[PDB]
Amino acid sequence: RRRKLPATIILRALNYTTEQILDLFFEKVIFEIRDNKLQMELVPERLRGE
Amino acid sequence: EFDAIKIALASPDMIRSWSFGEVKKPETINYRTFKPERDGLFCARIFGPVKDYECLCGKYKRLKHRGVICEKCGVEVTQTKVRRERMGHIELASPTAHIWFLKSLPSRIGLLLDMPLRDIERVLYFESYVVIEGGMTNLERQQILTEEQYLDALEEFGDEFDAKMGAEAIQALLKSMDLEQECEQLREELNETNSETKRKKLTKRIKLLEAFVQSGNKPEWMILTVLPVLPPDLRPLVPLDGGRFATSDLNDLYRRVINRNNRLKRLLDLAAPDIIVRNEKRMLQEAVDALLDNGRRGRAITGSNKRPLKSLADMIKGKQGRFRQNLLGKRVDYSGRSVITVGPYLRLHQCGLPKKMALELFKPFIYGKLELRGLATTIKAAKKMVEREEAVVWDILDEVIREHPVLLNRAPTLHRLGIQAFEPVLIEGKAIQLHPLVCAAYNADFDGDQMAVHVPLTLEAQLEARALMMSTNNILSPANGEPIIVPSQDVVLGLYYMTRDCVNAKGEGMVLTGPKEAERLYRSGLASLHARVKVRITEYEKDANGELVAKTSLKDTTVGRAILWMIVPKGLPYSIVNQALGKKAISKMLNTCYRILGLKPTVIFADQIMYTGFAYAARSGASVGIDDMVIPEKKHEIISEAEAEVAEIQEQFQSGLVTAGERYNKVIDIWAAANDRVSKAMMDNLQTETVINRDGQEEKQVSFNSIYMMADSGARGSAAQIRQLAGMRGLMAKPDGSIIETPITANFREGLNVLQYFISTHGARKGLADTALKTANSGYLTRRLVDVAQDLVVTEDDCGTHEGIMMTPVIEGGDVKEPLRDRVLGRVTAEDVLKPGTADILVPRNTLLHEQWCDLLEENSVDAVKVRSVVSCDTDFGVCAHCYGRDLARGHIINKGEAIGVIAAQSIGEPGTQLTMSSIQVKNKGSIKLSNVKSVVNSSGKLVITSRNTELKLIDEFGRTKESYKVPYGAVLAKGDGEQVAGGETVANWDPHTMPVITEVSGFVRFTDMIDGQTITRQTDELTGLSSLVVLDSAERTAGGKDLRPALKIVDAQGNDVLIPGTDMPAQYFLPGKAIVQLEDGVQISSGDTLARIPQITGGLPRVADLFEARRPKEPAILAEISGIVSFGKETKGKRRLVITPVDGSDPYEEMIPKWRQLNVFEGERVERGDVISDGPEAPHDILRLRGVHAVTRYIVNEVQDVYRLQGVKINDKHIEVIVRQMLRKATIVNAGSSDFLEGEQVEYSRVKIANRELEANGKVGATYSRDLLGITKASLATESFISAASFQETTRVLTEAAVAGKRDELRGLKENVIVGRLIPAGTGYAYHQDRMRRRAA
Amino acid sequence: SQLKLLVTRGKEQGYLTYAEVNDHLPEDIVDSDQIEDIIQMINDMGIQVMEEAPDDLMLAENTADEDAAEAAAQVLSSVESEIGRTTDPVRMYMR
Amino acid sequence: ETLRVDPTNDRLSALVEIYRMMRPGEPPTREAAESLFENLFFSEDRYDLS
Ligand SMILES: [Mg+2]
Ligand SMILES: [Zn+2]
Ligand SMILES: [Zn+2]
């Protein structure tokens, strides 16, 4: 109960990079763009709520 | 003796004059022979001898040498009490900063030197240098150098550069300062230059310097150079048993201050390197700052115990200090305590007292009596006799006790009736027998409660306990005239059972010849106590001027009532004892007896009522059995039907026709209905159940069910508790606050199964916690309420003023909640009361309205009286007796001396433990009267009012107002105004949805300055196919018609604008946003149609505390400062600026109405001051500033009394008004007038008034002020006696502020004279104080 | 200065917790005694900084209410402009 | 959002920041921060869940 610190500070302290942090919590949205067309690995679940 | 207290700074010379010798060494005692050490903290020759009249050497050991100093050791032969008043002094090696005058955070030293606290902190703790005389060089006074720049400038110039560091520099700075010259220069600057930033600061500094100069203190005395040491006995080293010692913390601290001090001197003798001497000086500063006030700034040093040791500033301050000892303190001799019991054989002016506890309280009196009558030669023989307890000791004790009253008290002394005085009656036991009737005052019950008895010693105390505090003098509650001697539970039941009637009673029909024969019958066994008969009664009446005329007649009664008529005194009427005589009728009987006959007959009557009630309650043998709690026989059907309803609703919810919340609400509603039905069924089966037959078939009367008799007569119980005994328990709450849907469907005659008892338990636990919480809050409220108003005292016989307040019956929402008789009884009229035709002067203008005058007032239908009130009194430092009213505790009138403040606070605080946290349809017969009405008769034949304050009152044939209602704007009144009406015709039906723009003419609608698309939304309701050119606000449409005004106007049927009668503007109402303008242009309409239609609290102790503290409500309903036509200026700031232009006065008033709040003022309107513009709670401050003192006083009285009357508590108005008087007792000066008062300043209103009175006679013009309202917690922090203010405020701050300003305290309060031990200026002591006045006025 | 808004938030809440008096401190204070001094300054003008969030029990209304408020505020507004412990005679000797 | 609020960037800076937050006055170190972080949660001697 000492003082606030951004909750990612410890994550870094545990030998996790920013990439690792974004990997553990957040999922991914991969893009298979065929150069053009902005081809996206869309899934119907991602659409829900939009 | 003395006549004032003066406090100021102490000079080193003064401190050396107090002391009797320097305290050099740190050593206390000698650890083998415990004589005080040579020259240390416990020294004989500095702080006097140890043994009475005995030198420490041991040579002089007699009372003959008293006064000589043994040359061998120097100890002065005198009393060892002298070891409790001598002081000592320590010569500090280097100066030191008195912490109180440094870390007080106005920073007295900081203010005086004009230096931030941190700078002086740096200079003191040896981290900088401060220049005291820059002189020839570039540097200037008060320029903090640094250890590098100092040597730099030394290189520049060794001399001319005085810059010390540490407490030795602040002292030089302060000494060099010249106050008068600096203040003169400040005046010079202030006059030539005038700016808001400057003027204020410069004037404040000039005031501070002048205050200091007049005080007589010198600036540099805030820096210690000699330190005093407290007398030894106040910090003792008492030897405990087993060779172990106990001492107070100060010893430790004093040692800590001597060692270091000595060491410092030693270093200065060795010319040590300056680093270590600086460290030593800092250590000594820390030691002194811990000694004066430990833990103020530096993490208080801790003793071996690990606790933080206390210091001189904690023996004064703190709840545990000498100050605040009157929180709970001062044990008292000649006192005792014990358990209490009933003892119904007593009179209400005497109390039982055990022999053992009385032969111990009165020992000195017994010794005196024994050595007076000669039964004992000396006092030692008397003590021996009293300890052996010979026979004669008891007789002597009985002689001593005879007329000696002894005070009786109970623990939570909530009001002044908690301490009374009784004449002891010796009892052979160990419990104090307390008279039954008195238990109501003490709130005592005999389940283990204890009481404490004190003995008055002197003759004045004995006389006061007999004339002011006797139990036969206090029969009226001080909070209201109603008696406090109502018999409680056994005697009310006895009198109810006696004064009743049966249908076929043994002895019915007989014609007795008086009460005596009725008693000779009942006792003889020939007639039942309640058998209807005819008796010849001879009743008296004092209708004449004090003459009790007689009248004899044959009255139908019952032998019970005839017997009860024997005790009734003279000419009370007989109808008093012809009824059921519950708990209300008996109290009313006592009140009528008191108001008609007097005091002595009333007390005798009360004793007789108690005796007869007990005696005839014994006879009835009214016990309670399990067959008396008769369950209904329809309960099962009701519960089954309720279960059917709840099952139906549950099924509907399962079918998706309702929500969970709505299913819950409907189940709750139907179960509540079932509970009500069961309760009604049980009460109907329980009240008339007794069915009796007299010489015939049958006849049903009121029941005799013992439980019903106990609940109906007011003895104990009520409808709810019986409903729990026989009906169903009902609905129960749950932790959150919700109410469990299914209620407990069982009673206590039929046990509750395992599941229902859990819920019952939760409820019980919540209640138990809540009671403690209440008792905790009420005490706080009452303490603050007495703190604000304790020095108020009636100090004159008449102030001679014609002001006052217009008392009028209270009619809120519906019909009267309290008549005028209660609100005006016992208050002196201010101006004469006239009859309806006015006919005469009816009531003179200084008549105390007692019962006869109130009755006469009610005989002419008067409903408004201008009565004198305390808040508008005119004396200074008190209240005229007439301006207050009458002492409701004693009846006659308030006398010069009564401390009305304390009694008012107690009365307002005592009940605090009981308080717990479409259309206008007429309901009475009367006649219409609209007040503040400006209406237009629309073509529909109805009436819609264009005014704002229009309200409808009902006036009977006699002319008095019957009922009150508020008439909303645009309310459709089926009636007119002043016409006849009957109960049943809805006077006004108004829809709260639409707010009209009602027009005054029936003509063509016209949309002037109404651009479609830029000032309009082209709305189209496809349901009705309504094409509405609606008006939007100024946030959606474009900039084309941004500030433009969409004007809906009524023109004539030709095309020419119709001028609205009154001004040069046609009736073009400019539409605000969201207006529902359904009709489009081209359709003339009626006069007053809805063309554009504008679309649409805690009650406990906290409410009272918030009212008295006078806090700003969350959404203050804004009021119009100055009357005039209204307009709106700037927009888009979020605060539509509203301005008012008077008819002829200037128009500077502006405001920032938050657009988050709506408005009830149309853009075109001429409003009057003190008129609501927005809606919401009205802050007391605004009421005081606009409508004046009377408005705020009425608001505060009607809110607190509303809160109280919600719970049935009775409190008179004098008390709330006297509390409100002590809130608005400060004023702000606006115009300086002619006297020497600053432009803007807060001063007490009394001083302003005396100044104006003096000026208006000298010839000059008086000053101008404005009253100000403050809370009860910021008004008590204005007292002008630091001994008073230092007892409950922060002691350190008050002491420092008083010391620097050199204040004089002249004891003129009640707290001050209590702490000092003199006679309070309030009661019997008042005369004494006045004498001193004149003697000092000489 | 977030300290000023901390004082305003404490006034608006009627109290301050230790978490609240920690979040809004300057992020460059390392010495604890300065924190102790500033919390003492806040308490002197109000509001008492208790160590937990704690309904129907009336608290001390405004005991520490006085002109001392604004001056105290100024002191707080001046604490951020500089720094220094100076509150432990041991520390000065060590330095 | 926390990452975008995090001032630190790596393990070393994070541990130094934690040391400052917990230790009032002693400057950081590449052994002191390690000791403090390790012997606060992961030490078998100064942290037991049971
Ligand atoms: Mg009890
Ligand atoms: Zn001697
Ligand atoms: Zn008066």
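We did not get these values from a lab; they are worked out from the coordinates using the rules stated. Neighbour counts are summed over all protein chains in view; Cβ atoms, including those assigned to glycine, are modelled from backbone coordinates with ideal geometry.
Looking across B:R299, B:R307, B:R266, B:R260, one residue alone is more than 10 Å from chain C (Cβ to nearest Cβ) and farther than 19 Å from B:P95 by Cβ. It is B:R307. Only one of the numbered conditions (1) more than 29 Å from the chain's Cα centre (by Cα); (2) part of a loop (DSSP other than H, G, I, E, B); (3) crowded, with 19+ Cβ neighbours inside 10 Å is violated by B:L792, and that is (1). Scanning the stretch B:888-909 for residues that are more than 17 Å from B:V1197 (Cα to Cα) and either more than 22 Å from the chain's Cα centre (by Cα) or away from ligand 3 (no atom under 16 Å from the Cβ) (or both) yields B:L888, B:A889, B:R890, B:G891, B:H892, B:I893, B:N895, B:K896, B:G897, B:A899, B:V902, B:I903.
In the stretch A:1-19, the residues that are at the interface with chain D (Cβ under 7 Å from one of its Cβ atoms) form Cβ pairs under 9 Å with partners that are assigned to a loop (DSSP other than H, G, I, E, B) and surrounded by fewer than 15 Cβ atoms within 10 Å (Cβ to Cβ), at six or more places apart or across chains, as follows: A:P6/D:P7; A:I9/D:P7; A:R12/D:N9; A:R12/D:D10; A:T18/D:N9. Quick one: in the stretch B:786-815, of everything that is under 22 Å from B:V1197 (Cβ atoms) and among the charged types (D, E, K, R), which residue is nearest to the other protein chains (Cβ to nearest Cβ)? Of everything passing the filter in the stretch B:786-815, B:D787 is nearest to the other protein chains (Cβ to nearest Cβ). Does any residue of the stretch B:1245-1262 turn out to be under 24 Å from C:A64 (Cα atoms) and not β-branched (V, I, T)? Within the stretch B:1245-1262, not a single residue is under 24 Å from C:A64 (Cα atoms) and not β-branched (V, I, T).
All of (1) within 11 Å of the chain's Cα centre (by Cα); (2) part of a loop (DSSP other than H, G, I, E, B); (3) away from chain C (no Cβ under 13 Å) hold for D:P28 with one exception: (3).
Matching residues to (1) among the aromatic types (F, W, Y); (2) under 21 Å from B:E121 (Cβ atoms):
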position	(1), (2)
B:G134	no, no
B:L145	no, yes
B:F157	yes, no
B:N191	no, no
B:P228	no, no
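Looking at the structure I just gave you, is B:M682 closer than 30 Å to B:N504 by Cα and touching a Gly at 6+ places or on another chain (Cβ under 8 Å)? Spelling it out, B:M682 is indeed closer than 30 Å to B:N504 by Cα and touching a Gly at 6+ places or on another chain (Cβ under 8 Å).
Selection of the stretch C:72-84 for residues being over 11 Å from the mean Cα position of the chain (by Cα), on the phi < 0 side of the Ramachandran plot and facing chain B (nearest Cβ under 10 Å) yields C:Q74, C:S78, C:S81, C:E82.
Considering the conditions (1) closer than 30 Å to B:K1130 by Cβ; (2) of a type in the set (A, V, I, L, M); (3) surrounded by 14 or more Cβ atoms within 10 Å (Cβ to Cβ), B:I1211 is excluded by exactly one of them, (1). Among the residues of the stretch B:71-116, those that are over 29 Å from B:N262 (Cα atoms), more than 14 Å from chain C (Cβ to nearest Cβ) and part of a loop (DSSP other than H, G, I, E, B) comprise B:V77, B:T78, B:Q79.
Yes/no matrix, rows are residues, columns are (1) facing another protein chain (nearest Cβ under 8 Å); (2) within 24 Å of B:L1270 (Cβ to Cβ); (3) in a helix (DSSP H, G or I); (4) in contact with a strand residue (DSSP E or B) (Cβ under 8 Å, 6 or more places away or on another chain):
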{"site": "C:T8", "(1), (2), (3), (4)": "no, yes, yes, no"}
{"site": "C:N22", "(1), (2), (3), (4)": "yes, no, yes, no"}
{"site": "C:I29", "(1), (2), (3), (4)": "no, no, no, no"}
{"site": "C:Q34", "(1), (2), (3), (4)": "no, no, yes, no"}
{"site": "C:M41", "(1), (2), (3), (4)": "yes, no, yes, no"}
{"site": "C:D56", "(1), (2), (3), (4)": "yes, no, no, no"}
{"site": "C:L59", "(1), (2), (3), (4)": "no, yes, no, no"}
{"site": "C:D65", "(1), (2), (3), (4)": "yes, yes, no, no"}
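When the stretch B:977-999 is filtered for residues that are surrounded by 15 or more Cβ atoms within 10 Å (Cβ to Cβ) and more than 46 Å from the chain's Cα centre (by Cα), the ones remaining, listed by number, are B:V997, B:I998, B:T999. Of the set (1) more than 30 Å from B:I955 (Cα to Cα); (2) within 16 Å of ligand 3 (Cβ to nearest atom), all apply to B:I805 but (1).
Residues checked against (1) in contact with a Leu (Cβ under 9 Å, 6 or more places away or on another chain); (2) among the small types (G, A, S); (3) on the phi < 0 side of the Ramachandran plot:
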position	(1), (2), (3)
B:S17	no, yes, yes
B:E22	no, no, yes
B:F42	yes, no, yes
B:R45	yes, no, yes
B:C55	no, no, yes
B:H65	no, no, yes
B:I69	no, no, yes
B:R86	no, no, yes
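Say whether the condition of being more than 14 Å from every other protein chain (Cβ to nearest Cβ), out of contact with any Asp or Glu (no Cβ under 8 Å at 6 or more places or on another chain) and more than 16 Å from ligand 1 (Cβ to nearest atom) is met by at least one residue in the stretch B:444-453. Within the stretch B:444-453 (the criterion being more than 14 Å from every other protein chain (Cβ to nearest Cβ), out of contact with any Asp or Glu (no Cβ under 8 Å at 6 or more places or on another chain) and more than 16 Å from ligand 1 (Cβ to nearest atom)), the answer is yes, since at least one residue qualifies. Search the stretch B:920-946 for residues being over 39 Å from the mean Cα position of the chain (by Cα) and hydroxyl-bearing (S, T, Y), and hand back the single one that is surrounded by the most Cβ atoms within 10 Å (Cβ to Cβ). Out of the qualifying residues, it is B:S935. If you go through the stretch B:1064-1117 and keep only what is within 14 Å of chain C (Cβ to nearest Cβ) and β-branched (V, I, T), you end up with B:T1098, B:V1104. State whether the residues of the stretch B:728-739 include one that is of a type in the set (A, V, I, L, M, F, W, C), crowded, with 18+ Cβ neighbours inside 10 Å and away from chain C (no Cβ under 14 Å). Looking through the stretch B:728-739, at least one residue is of a type in the set (A, V, I, L, M, F, W, C), crowded, with 18+ Cβ neighbours inside 10 Å and away from chain C (no Cβ under 14 Å).
Tell me, please, whether a residue that is assigned to a loop (DSSP other than H, G, I, E, B), under 31 Å from the mean Cα position of the chain (by Cα), crowded, with 19+ Cβ neighbours inside 10 Å and away from ligand 1 (no atom under 16 Å from the Cβ) can be found in the stretch B:459-471. Yes, that holds for at least one residue. Candidates are the residues of the stretch B:117-168 that are among the hydrophobic types (A, V, I, L, M, F, W, C), crowded, with 17+ Cβ neighbours inside 10 Å and part of a loop (DSSP other than H, G, I, E, B); the one that is nearest to the other protein chains (Cβ to nearest Cβ) is B:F126.
Of the residues making up the stretch B:760-785, those that are away from chain C (no Cβ under 12 Å) and either crowded, with 20+ Cβ neighbours inside 10 Å or of a type in the set (S, T, N, Q) (or both) number 5. What number of residues within the stretch B:2-61 are under 48 Å from the mean Cα position of the chain (by Cα) and more than 30 Å from B:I223 (Cβ to Cβ)? Residues meeting the conditions: 2.
A search for C-beta distances below 8 Å between a residue of the stretch B:427-453 that is on the phi > 0 side of the Ramachandran plot and any residue that is among the hydroxyl-bearing types (S, T, Y) and within 16 Å of ligand 2 (Cβ to nearest atom), counting only pairs 6+ apart in sequence or on different chains, returns nothing. Out of curiosity, is B:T761 in contact with a helix residue (DSSP H, G or I) (Cβ under 8 Å, 6 or more places away or on another chain) and hydroxyl-bearing (S, T, Y)? Judged against the criteria, B:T761 is not a match. Can you give me the ranges of the strands (runs of 3 or more DSSP E) entirely in the stretch B:1014-1083 with at least 2 residues that are of a type in the set (A, V, I, L, M, F, W, C)? Where strands (runs of 3 or more DSSP E) fall fully within the stretch B:1014-1083 and carry at least 2 residues being of a type in the set (A, V, I, L, M, F, W, C), they are B:1026-1030, B:1047-1051.
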